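Protein chains in written order, with PDB author numbering: chain H, 566 to 599; chain I, 466 to 515. Note that CB positions come from ideal geometry on N, CA and C, so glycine has one too.
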Amino acid sequence: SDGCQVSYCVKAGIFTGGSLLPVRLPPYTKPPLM
Amino acid sequence: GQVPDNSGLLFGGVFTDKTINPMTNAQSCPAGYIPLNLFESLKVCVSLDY
């Protein structure tokens, strides 16, 4: 806005600056050890 | 002097109407950059995200 820098603070993990859609859904854990 | 880090701006390259910017291979700025008019035909790409 008339050269004024306007920025918002968000999680870096969610917003990675990539055009690929961050499809994070299941599972909610790493594969548990045997 | 010792300015706080990394609060500031960076250099994302320049491009004119007759030259080519090798960092983006185009006469524009990459994603996440702002083009600023520094001269009559010089445009500077400024980044904001760290």
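Using a 10 angstroms sphere on the CB of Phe480 of chain I, the tally of other CB atoms reaches 16 or more, which defines it as buried. Separation of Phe504 of chain I and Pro596 of chain H (C-alpha to C-alpha, rounded to the nearest whole angstrom) is 56 Å.
Scanning its chain for C-beta atoms nearer than 6 Å, with the 5 sequence neighbours on each side dropped, one finds around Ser506 of chain I the residues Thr481, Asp482, in chain order.
Each of I:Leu501, I:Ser512, I:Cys510 was checked against the Cα of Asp567 of chain H, and the nearest Cα belongs to I:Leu501. Inclusion of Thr594 of chain H and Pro587 of chain H in the CB contact set at 8 Å is not warranted, their separation being larger than that value. Residue environment analysis places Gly583 of chain H among the exposed positions, since fewer than 16 neighbouring C-beta atoms fall within 10 angstroms of its C-beta. In the structure shown, the three-state DSSP call for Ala491 of chain I is strand.
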